[PDB]
């Protein structure tokens, strides 16, 4: 019996493809190439920094990842362009079904929370901009723990804040690596696989695999 739901932010509720536009507007033609690398370095820097115990918040990791991407592509990223592209993450667009689904889940009397790598500021900005702030009971950031996902200390944070046991909290994630972690932690996991990717080969299998949040609403 689930009483709450924890959602990953970037790539699950909000689409990061929105960034490719701003990237191509700054570096015409290469927008897709920049965004692709940026996304990869962003994740890599959070994983590697947590392992070396050298933490910096998501915004710093994002700035560092962009600086590496441009330097790696030979692109001259000036100060203002840097700030501009990085500000794009504060205006992501929610996936089409996201807004209506959040309302229905909430209406069913479910506790809804966000467990993201983003800083408390980032998370706030993104959800408020999309005007979805009111539909969330908790907006959790990994920041207080000074470590990123998939470190169990991050997941534990969701269990504490919601005041429920992990077995009554559903974990919804688009990244198969994130779902693997939460599954290892003990959260019953729902994987949102819209693009038909395959799960990671790290010993885990989600409890549910759906194509969008729509299937989640109908799970209740």
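Positions refer to the first chain, counted from 1.
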query	finding
Mean Cα B-factor comparison, 112-120 or 126-134, giving the higher one as deposited	126-134
Segment of higher mean CA temperature factor, 27-35 or 187-195	27-35
Third of the chain's Cα B-factor distribution that residue 97 belongs to, per the entry	middle
Among modelled residues of the same chain, the CA temperature factor third for residue 211	lowest
Residue 60 - Cα temperature factor, lowest/middle/highest third of chain	middle
Residue 147 - which third its CA temperature factor falls in, relative to the rest of the chain	lowest
Third of the chain, ranked by Cα B-factor, where residue 5 sits	lowest
